[PDB]
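A.B. asks: Attaching a single structure in structure tokens format; questions to follow.
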Amino acid sequence: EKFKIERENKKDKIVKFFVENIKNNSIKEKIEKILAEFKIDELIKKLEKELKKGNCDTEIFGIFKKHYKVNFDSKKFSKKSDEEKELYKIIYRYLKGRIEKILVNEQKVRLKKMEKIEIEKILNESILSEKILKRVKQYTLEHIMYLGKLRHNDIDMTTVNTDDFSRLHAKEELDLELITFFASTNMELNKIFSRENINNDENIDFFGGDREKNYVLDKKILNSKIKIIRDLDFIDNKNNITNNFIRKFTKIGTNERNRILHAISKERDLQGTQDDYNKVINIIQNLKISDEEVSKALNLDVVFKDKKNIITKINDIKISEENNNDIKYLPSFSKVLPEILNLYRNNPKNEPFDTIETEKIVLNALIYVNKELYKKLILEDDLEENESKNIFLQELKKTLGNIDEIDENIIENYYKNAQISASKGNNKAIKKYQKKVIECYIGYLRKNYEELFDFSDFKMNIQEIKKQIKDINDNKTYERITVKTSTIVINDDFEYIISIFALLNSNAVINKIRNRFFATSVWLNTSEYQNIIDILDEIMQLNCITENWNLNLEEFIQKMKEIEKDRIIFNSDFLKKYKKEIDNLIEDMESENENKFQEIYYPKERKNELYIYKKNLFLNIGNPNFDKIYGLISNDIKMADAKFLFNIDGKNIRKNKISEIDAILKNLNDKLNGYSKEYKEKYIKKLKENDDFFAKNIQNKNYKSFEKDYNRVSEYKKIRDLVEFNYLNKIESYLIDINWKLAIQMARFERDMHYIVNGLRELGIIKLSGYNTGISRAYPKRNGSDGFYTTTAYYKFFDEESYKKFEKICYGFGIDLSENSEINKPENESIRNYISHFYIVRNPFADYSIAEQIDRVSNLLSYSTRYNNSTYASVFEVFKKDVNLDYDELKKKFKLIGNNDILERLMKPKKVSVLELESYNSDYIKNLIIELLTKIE
RNA sequence: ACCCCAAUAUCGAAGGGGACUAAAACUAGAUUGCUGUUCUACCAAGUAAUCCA
RNA sequence: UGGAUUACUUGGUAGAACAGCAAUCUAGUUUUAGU
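As numbered in the deposited numbering, residues 341 to 826, 829 to 885, 891 to 913, 1013 to 1383 make up the first sequence, in order.
Below is the structure:
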């Protein structure tokens, strides 16, 4: 409620005053010649006299305003201008905020904690002048960026609604993510290509300044990788490059990032763009990878041989695309499943079959039919004007609510009444509601079905020996009866470029931009980003040379074959690397009775004969950074025993004790729902010193026999992770998350350097400008000086004096645009090149710690006060998946390049259960996160 | 622990919001363990051929 | 008669495709209560 009741060319003439007076360095004298007029240190004395009573209430600000009336003339004794009156305003309101915070501090010296701040202990501080200059700078900076934001997005300022502080506050948080996604495809497409010459081992900018002689790299590319590019018509036979990188994928790539960075919402580009037959190629790639229902020969079409028309009735159930909100309220399939199994064991029309292994076939054929049926009876949508025996949900509303009540939310309101009754001390209400809905669905099933539960006719494993053997061994069986299991259309080029980018990145990068097309569409309540939110949901669900055209397990033969062949992509280099690393693991330096890696890496005949396939080793031989990541886990791998299969005490874990611990942790997650945490804590600690009421629980021997079994399953899962190489994925995950999270704020700074230039062009301070097309950088750099104010920036200036005045102003705010000042350092000593080109994943540990770059981005974003701790809070949420954060320590002020013993008080061992146990790999992943951030070698 | 709120250089704004705390269903994912069907490889016991007799 | 080139029977094991269940964590949506 600040801007649009004021600033009628009046705040503008105050900001225009403060800018050219911070430039001339005058406020740091004005502030003390003004604040000396405030008389202090007797007000402190009468504050001491009133706190000698111990008031801390509504009688103190009157004393402060009375002393203000003594000092400042409350009568209009003077004729000061609006600027100096606003300095008075800022100082008086800041002192008001400090005195209310010191009164809540005086409250917080006599309560149960005594954090002390004495009043006379702080005088020569921000009281005199430390932070009020920062306050004036933040005021002027917020108004300059506020002007430049509206100028950038070409908004008429007079017609600004408050609603456009919600329409536009979310369409650029999405654009930071759409720029950080646009540059992590620039590094993925540098692992495919390089330049024509061998000596260039750097990155290309495909999206921007284009260049010819850009050809394939014959390493690190897989058949699944090269097949996508070969199917997208990027490469032809003999691996040459087609002319779609000069007419189709280049031009459509650069225009999108131009329209995102420059915020050009002018029109659509041209009709000469990606038309529909250029999109059917990507449609074909999405078609030929998804699963076919005909390709499901594994729920065994011998269970429904004589019932081969009930599923035609199932497939004739009509559904429509409402995706209704009456699915949040019905309990899910996990609760109706035991009752459907018990209904199968209630039918008096079927018998004990042959034995215990005949009917597991039948149950695994039947649960897939019941699970897909439950989502077609709910979604059974609207109908014509003679439909008598009707849908499931109307009997549900008939059981919940009375008649003349069908067109009203009785399900929603009845769940809300059950939840209100739950919140008044009646914990049973939600389970009672779920049991009523379940018995309603059971009563609906028994009268319209159970002909599908009729298993009178049965073959007692007598012909299903060779029923499906004869069904597969014979071809042309067109009557593979299926389940339909409820189209991909791309509209415009934004969809067309994000889909191609989304089939070129890792499966965690799409979760970063799917959730941001989601949370933007929830914020605006629209449905514009709906064709993109589901194309990203079908590509996240897709995750030929597997064993046919793949691993022979005799590694002499295939390396010799693909040496003498010059399965073509299976280069002998990666096979020899895989060979060498497994040989490094299995070679017993302790050459004794020790073959502990048997059946894990080799099938009972080792030493260069046979080698078992592993996918968390073979999918890390190939990235160009492998041996740096691999070096700090390999000694931990080569020292863990084989307690897995060598003894009884590792097969009693794979069969019995894991399920017992899950059963104990499933009979408390249902006993302890809907209770406050004080009750759960006073019960969860009595479970530790229990001496008679663990026998009423699942196991016995109250807590020692549970913790020993938890320790044994814990060390089993310790050993399973490293021998399967389940830490070479966590490290790559951490590196790509940290580099993503730093490139976010490095794009934010590039946006704010547009807002600065626009907000100071409106104010007439950096006037006589111009627009230079093609280059997409806000400010000029000294790269190619003596005339650098014109060319190397999106905005042109007039003379060099205008750029020098602009640089003086930005240095006054705290943004240094000089030579070599952590911005214009030449290569990789600038933050803009080490992070906006993704070198934390491409080349780790190279001359910089990770924790020494978090500081260099948390200090480049220190010119604003709202960005305070916006990087220690944004980066350290990556690690909450594996360690606990201490947020009270993390909101404070610190640094990481020095300040020893700080990564131990900022993160804790992840203590996890609903019995509050500790995690199985807490210490190892904690020490591995600490050593990843700080290693310089 | 930060932002905004007036008759405002100042005059019960000597206050009030964002906000936290806890609990439900539903959705999506990662790891581990289990169940079912096909395909492949390895090891062990068995049935059935010369050859050495 | 024993070593030996053979074909298939179950039986541990291990990989790949698909379907289902349970535990732990993470992100989200709708909602309830109180301060």
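Heads up, the beta-carbon is just placed ideally off N, CA and C, and yes, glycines get one too.
Check whether the region 1092-1105 touches the region 1309-1320, counting contact only when three or more Cβ pairs, one atom from each stretch, lie closer than 8 Å.
C.D. replies: With the cut-off at 8 Å, the region 1092-1105 and the region 1309-1320 do not touch.
A.B. asks: Taking the C-alpha atoms as reference points, what is the distance between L1111 and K1132?
C.D. replies: Cα-Cα distance, rounded: 16 Å.
A.B. asks: Alpha carbon to alpha carbon, what distance is there between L884 and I629?
C.D. replies: Computed Cα separation, rounded: 7 Å.
A.B. asks: Give me the residue from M1085, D1347, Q1145, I1255 with the minimum Cα distance to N1373.
C.D. replies: Among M1085, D1347, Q1145, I1255, the Cα nearest to that of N1373 is on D1347.
A.B. asks: Between the C-alpha atoms of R1223 and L1307, what's the straight-line distance to the nearest angstrom?
C.D. replies: Using only the alpha carbons, I get a separation of about 18 Å.
A.B. asks: I want to know whether the region 1334-1343 touches the region 1291-1299 - three or more CB-CB distances under 8 Å.
C.D. replies: The answer is yes - the region 1291-1299 touches the region 1334-1343, with three or more Cβ pairs under 8 Å.
A.B. asks: According to the Cβ coordinates, are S1215 and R1207 closer than 7 Å?
C.D. replies: Going by C-beta atoms, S1215 is nearer than 7 Å to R1207.
A.B. asks: Where does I1015 fall in DSSP's three states?
C.D. replies: Note: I1015 maps to coil in three-state DSSP.
A.B. asks: What are the boundary residues of the alpha helix (DSSP H) that includes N1330?
C.D. replies: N1330 -> not in any alpha helix (DSSP H); beta strand (DSSP E) instead, spanning 1329-1331.
A.B. asks: Can you give me the C-alpha to C-alpha distance between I484 and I1211, rounded to a whole angstrom?
C.D. replies: Approximately 11 Å between the Cα atoms of the pair.
A.B. asks: Within the same chain, show all residues whose beta-carbon is closer than 6 Å to that of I1382, passing over the 5 residues directly before and after it, in chain order.
C.D. replies: Counting only Cβ-Cβ distances below 6 Å, and skipping sequence neighbours, we find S1295.
A.B. asks: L1031 to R1166, Cα distance in whole Å?
C.D. replies: Cα to Cα, the separation comes out at about 15 Å.
A.B. asks: List the whole-angstrom C-beta distance separating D1087 from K1042, where the pair is believed to meet the contact cut-off of C-beta under 8 Å.
C.D. replies: Right, their Cβ atoms sit about 6 Å apart.
A.B. asks: Tell me the residue span of the alpha helix (DSSP H) that contains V642.
C.D. replies: Premise fails: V642 is in no alpha helix (DSSP H) and is neither H nor E.
A.B. asks: Given 8 Å as the limit, is there contact between the region 739-750 and the region 645-652, that is, 3 or more CB pairs closer than that?
C.D. replies: Too few Cβ pairs lie closer than 8 Å, so no.
A.B. asks: Pairs of beta-carbons, one from the region 1055-1065 and one from the region 891-901, closer than 8 Å: are there three or more?
C.D. replies: Verdict: yes, contact present.
A.B. asks: Is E911 near the ligand ADP, with its Cβ less than 6 Å from a heavy atom?
C.D. replies: Although the ligand ADP was asked about, the structure shown includes no ligands whatsoever.
A.B. asks: Does DSSP classify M882 as helix, strand or coil?
C.D. replies: Of the three classes helix, strand and coil, the one that applies to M882 here is coil, per DSSP.
A.B. asks: In its own chain, which residues sit with a C-beta less than 8 Å from the C-beta of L785, not counting the 5 before and 5 after it?
C.D. replies: Answer for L785: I680, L683, listed in chain order.
A.B. asks: What residue does the beta strand (DSSP E) around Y1370 start on, and which one ends it?
C.D. replies: From DSSP, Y1370 is part of no beta strand (DSSP E) but of the alpha helix (DSSP H) over 1368-1380.
A.B. asks: In this structure, how does DSSP classify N1113 when only helix, strand and coil are distinguished?
C.D. replies: Correct three-state label for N1113: coil.
A.B. asks: Are three or more beta carbon pairs between the region 659-674 and the region 705-719 nearer than 8 Å?
C.D. replies: Yes: the two stretches touch, three or more of their Cβ pairs being nearer than 8 Å.
A.B. asks: Over what stretch of residues does the beta strand (DSSP E) that includes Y555 continue unbroken?
C.D. replies: First-last of the beta strand (DSSP E) with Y555: 554-556.
A.B. asks: Tell me the residue span of the beta strand (DSSP E) that contains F533.
C.D. replies: From DSSP, the beta strand (DSSP E) with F533 extends over 533-535.
A.B. asks: Would you kindly report the start and end of the unbroken alpha helix (DSSP H) that includes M1035?
C.D. replies: Unbroken run through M1035: none, as it is neither H nor E.
A.B. asks: With DSSP collapsed to three states, give me the class of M485.
C.D. replies: If DSSP states are grouped into helix, strand and coil, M485 belongs with the helices.
A.B. asks: Assuming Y1285 and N1274 form a contact by the criterion Cβ under 8 Å, report the distance between their Cβ atoms to the nearest whole angstrom.
C.D. replies: About 7 Å separates the two Cβ atoms, so the contact holds.
A.B. asks: Kindly list the residues whose CB is nearer than 7 Å to the CB of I840, restricted to its own chain and excluding five residues on each side of it in sequence; keep chain order.
C.D. replies: Cβ neighbours of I840 beyond the five flanking positions: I874.
A.B. asks: Fully enclosed by the region 1245-1324, which alpha helix (DSSP H) runs are 4 residues long or longer?
C.D. replies: Runs found: 1246-1259, 1277-1280, 1285-1288, 1297-1304, 1318-1321.
A.B. asks: Ignoring anything shorter than 3 residues, give me the beta strand (DSSP E) runs that lie fully in the region 554-625, in order along the chain.
C.D. replies: Correct list: 554-556.
A.B. asks: Could you tell me which of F378, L391, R1194, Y428 sits nearest to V410, measuring between CA atoms?
C.D. replies: That would be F378, whose Cα lies nearest to the Cα of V410.
A.B. asks: Within 10 Å of its beta-carbon, does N530 have 16 or more other beta-carbons around it, so buried, or fewer, so exposed?
C.D. replies: Its Cβ being crowded by 16 or more others within 10 Å, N530 is buried.
A.B. asks: If you follow the alpha helix (DSSP H) that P1355 is in, where does it begin and where does it stop?
C.D. replies: Here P1355 belongs to no alpha helix (DSSP H); instead the beta strand (DSSP E) covers 1353-1355.
A.B. asks: In terms of residues, what are the limits of the alpha helix (DSSP H) holding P678?
C.D. replies: Run containing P678: 673-684, per the alpha helix (DSSP H) assignment.
A.B. asks: Are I1046 and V777 touching if we call contact CB-CB under 7 Å?
C.D. replies: Their beta carbons are not under 7 Å apart, which means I1046 does not touch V777 by this criterion.
A.B. asks: Look up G1216 in the DSSP assignment and give the residues it is bridged to.
C.D. replies: In DSSP, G1216 forms a bridge with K1242.
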